[PDB]
There are 2 protein chains.
Amino acid sequence: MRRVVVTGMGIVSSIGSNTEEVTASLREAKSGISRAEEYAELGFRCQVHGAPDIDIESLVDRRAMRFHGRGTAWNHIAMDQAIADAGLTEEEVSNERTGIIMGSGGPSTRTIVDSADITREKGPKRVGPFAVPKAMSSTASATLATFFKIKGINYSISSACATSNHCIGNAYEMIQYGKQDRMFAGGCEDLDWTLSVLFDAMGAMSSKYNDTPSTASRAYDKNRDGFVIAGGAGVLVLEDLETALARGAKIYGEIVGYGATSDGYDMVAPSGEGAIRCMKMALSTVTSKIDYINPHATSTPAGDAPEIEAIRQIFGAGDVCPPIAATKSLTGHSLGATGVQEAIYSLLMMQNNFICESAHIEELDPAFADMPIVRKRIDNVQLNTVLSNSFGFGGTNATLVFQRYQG
Amino acid sequence: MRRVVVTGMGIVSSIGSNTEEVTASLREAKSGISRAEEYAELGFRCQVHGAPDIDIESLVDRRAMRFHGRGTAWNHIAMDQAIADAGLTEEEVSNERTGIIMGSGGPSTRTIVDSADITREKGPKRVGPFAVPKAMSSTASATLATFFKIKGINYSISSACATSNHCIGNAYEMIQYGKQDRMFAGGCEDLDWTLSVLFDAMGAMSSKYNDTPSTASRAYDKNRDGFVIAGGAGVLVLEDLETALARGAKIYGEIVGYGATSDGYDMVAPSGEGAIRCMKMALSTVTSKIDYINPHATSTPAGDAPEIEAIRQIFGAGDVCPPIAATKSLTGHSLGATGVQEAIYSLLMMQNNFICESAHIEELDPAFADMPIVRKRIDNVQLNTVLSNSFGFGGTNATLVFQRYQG
Ligand SMILES: C=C1C[C@@]23C=CC(=O)[C@@](C)(CCC(=O)Nc4c(O)ccc(C(=O)O)c4O)[C@@H]2C[C@@H]1CC3
Ligand SMILES: C=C1C[C@@]23C=CC(=O)[C@@](C)(CCC(=O)Nc4c(O)ccc(C(=O)O)c4O)[C@@H]2C[C@@H]1CC3
């Protein structure tokens, strides 16, 4: 099986509109979370969100936008960034050996709702002719494959909050097994009340911190009370090692493990044992110690702990365990986009020799007092191997491991 | 790479609620298409649909239904059928070597719309706590993985109308490459005005035959005027050959090829050349002649022809070309569910030694007069190898080839 490397990255995030802005936010623990006044207007309990700040119309032209939801438009931007970063020619983007696996947690729920509303108010014709590619679950792959003239693999993986981790893993497999030489992988999510309300109604999102929105997302804090929802996108360019070397690619890291498992337990809560099996599977092909763990940790009361226990079972406790820092405390939870964004955060930390603070821990939950959760940024650290988990409703688990390429 | 066989099938279709009913419909060319009065009430142009007739509440209990949309409930039924057909024990369903890749074209659009409506009418809390797993794009895998206690792979592929063909293909790859020994693969789609209107607004669905609904879907007819939308589900049980043999499995067929490509051309129309490359890729590993082609052919004016041209380029014309019969003329177009349902139709035709009529051709489009489109059921035919295409918006292509297992 061939080796697979990351040669370009692109990102639209609550903590920055490119990798430079994101790096600065991670380094300085600058929260991306703000008050969502619209949610207050609609009567939500949770009134906080992690919103990108980026001018779409300046970066994607009107004709491309014809078939984009906001999430996939952010994905388009991230794709442009990743192609530029990688330095690809048009020929390298558009060829039979180059594909795309790009997903989202949901489609454009706003398109679905607006279409239903206008059907009832003004008639079906007034839905307009461009709604299907926004409303279908493949929207992220469909739009980008068409606009970037992708000729190889073209589909989306959907796995709720694991989505873009699986997208990367399956793209990794496609290259390992020789079917493709280059893949664009990642995903996106719109940020919209029509999705967010589904989580508010289940009591899944933070509401105790509405008066201090910036600190509402606080994985591992004793008084965490739900995740904070976010939108955005991320893209990695993946290539087989020989293809990358031959064209003088920048190598951000090598993908060296991937796990994917299923809990078979509860629809909306994790079992823990599925995560253990997932991490073991990702680690089974890894031959160095892990220097940093980017957990799934979303700041829910019932979510953060089973993952820590799974980590304990694999890695042990205290100094022997790798440092753990939950980036969702800064970024919120971008659902479909979170796996790829966390891969990018981890690869940027590797590049810049620091591990970010696990932010907004005002009082550590004592159940985690034995674990090396990062309370202050760690500088001048040589990260060679990093692990990132993502999990999703329906008991779906994905883990990726990336390594500094040294030959 | 290991060999992979189909050992069980399940289906909920506009042309039957199990494989027996479906076989009878195919044999007798009994249309599943009816008037959709609701679409007339809402002011649609198209007023026809392909609706399942099955009593969900009698087949899936209330607690399972908590997290099901209608599409995934139909998928649950099909899963139960496939497990029964395969004769699997509980242990064979729930184990680390057994996974699920199950998808839909969209999530429950009805859940999304109802939730938005009730938020605005009665408040966010009244959305209730069970909406996320219905509204997320992974709904088909999430629900079934949780209820059937799946422990291995768990995710959805989404690729619009190619969805369940890719789901089968990727499951096939997982087994070929040794990662899993058994997979449940397929998909589903709800049938609901909140999805169907998106296609009516683009003028994609048949409207000239509203007064004769049963014949509205008519692939290859000169006067075809759009597809006819449908809902339902299908599931295949896939196993590595040694696993199947060792337990005395029924073998419906062997998966012997899979292609997946991308047009990189137009959002909502096919290029043709992508389909050629897709079929060549599926055929590259096939060492017998094709005895039957189940086309994607949806009865659109601009869709049916580029596929026929691609078939011409690969297979030639007239007697040398394999017989072609478009099952969508009977079934309509179940979007996410159509790939797996067409695999099941093809495997049932193989089992029963007939090729169904390509229905509702009252006047053959002269552009296809050189092609062996089946005008009357062919009996007493030995099908050993069959090919099925599915394509989707966003230029996404998937082809599968199945073969009678003879050692
Ligand atoms: C049945 C319950 C109990 C309840 C109690 C405490 C909780 O923490 C939540 C809110 C979320 C559990 C969880 O982390 N799921 C969970 C999960 O398995 C996988 C992923 C995520 C994610 O956010 O990415 C996730 O969130 C659950 C969900 C629902 C309502 C309250
Ligand atoms: C820009 C146009 C021209 C127009 C003219 C004639 C047509 O036939 C349709 C309606 C559909 C083309 C098509 O088959 N797409 C198409 C496709 O590429 C892939 C899959 C399917 C499918 O149904 O599964 C499909 O339907 C197109 C779509 C849109 C409006 C009218």
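Every heavy atom of this structure was used, including side-chain atoms; hydrogens, water molecules and symmetry mates were not. By convention in this document, chain letters (A, B, ...) are assigned in the order of the sequence lines, proteins followed by strands, and residues within each chain are numbered from 1.
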Inset, instruction - Could you tell me whether a side-chain N or O of B:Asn154 sits under 3.5 Å from a main-chain N or O of A:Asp263, the two making a donor and an acceptor? - result: no

Legend entry - Residue B:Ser94 versus chain A: region with a heavy atom under 4.5 Å: neither

Legend entry - Partners meeting side chain to side chain contact (heavy atoms under 4.5 Å, CB included) with A:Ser164 (sequence neighbours left out): A:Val340

Inset, instruction - Taking side chain to side chain contact (heavy atoms under 4.5 Å, CB included) as the test, write out the residues that go with A:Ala162, two or more places apart. - result: A:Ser159, A:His166, A:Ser390, A:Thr396, A:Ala398

Legend entry - Side chain / backbone / both / neither for B:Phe130 at chain A, heavy atoms under 4.5 Å: neither

Inset, instruction - Name the region of A:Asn397, side chain, backbone, both or neither, that has any atom closer than 4.5 Å to a heavy atom of chain B. - result: neither

Inset, instruction - Would you mind checking which part of A:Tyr265 comes under 4.5 Å of any heavy atom in chain B, side chain (CB onward), backbone (N, CA, C, O), both or neither? - result: backbone

Legend entry - Which atoms of A:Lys134 approach chain B - backbone, side chain, both or neither, heavy atom under 4.5 Å: neither

Inset, instruction - Take A:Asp117 and B:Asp117 through the test side chain to side chain contact (heavy atoms under 4.5 Å, CB included) and record every step on the way to the result. - result: CA-CA 9 Å; A:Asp117 291 344; B:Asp117 291 344; 4.1 Å; yes

Inset, instruction - Nearest 0.5 Å please: distance from the OG atom of A:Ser115 over to the CD1 atom of B:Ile112. - result: 11.5 Å

Legend entry - A:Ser104, part contacting chain B, at a heavy-atom distance under 4.5 Å: backbone

Inset, instruction - Could you look at A:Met102 and say if it's the side chain, the backbone, both or neither that has a heavy atom under 4.5 Å from chain B? - result: neither

Legend entry - B:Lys151/A:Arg277 under side chain to side chain contact (heavy atoms under 4.5 Å, CB included): CA gap, chis, key distance, verdict: CA-CA 9 Å; B:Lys151 301 302 172 72; A:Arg277 286 183 290 110; 3.9 Å; yes

Inset, instruction - Give, as side chain, backbone, both or neither, the part of A:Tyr39 having an atom under 4.5 angstrom from any heavy atom of chain B. - result: neither

Inset, instruction - Find the distance between CG (A:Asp200) and OG1 (B:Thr119) and round it off to the nearest 0.5 Å. - result: 9.0 Å

Legend entry - Interface moiety of B:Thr163 toward chain A, non-hydrogen atoms closer than 4.5 Å: neither

Inset, instruction - Quick one: which of A:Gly392, A:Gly105, A:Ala135 has the most heavy-atom pairs under 4.5 Å with chain B, could you say? - result: A:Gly105

Legend entry - Chi angles and distances behind the side chain to side chain contact (heavy atoms under 4.5 Å, CB included) call for B:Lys179, A:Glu173: CA-CA 11 Å; B:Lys179 290 207 173 184; A:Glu173 289 170 326; 2.7 Å; yes

Legend entry - Interchain contact, A:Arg120 with chain B, by part (heavy-atom threshold 4.5 Å): side chain

Legend entry - Side-chain H-bond candidate by donor/acceptor type, A:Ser158 with B:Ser156, under 3.5 Å: no

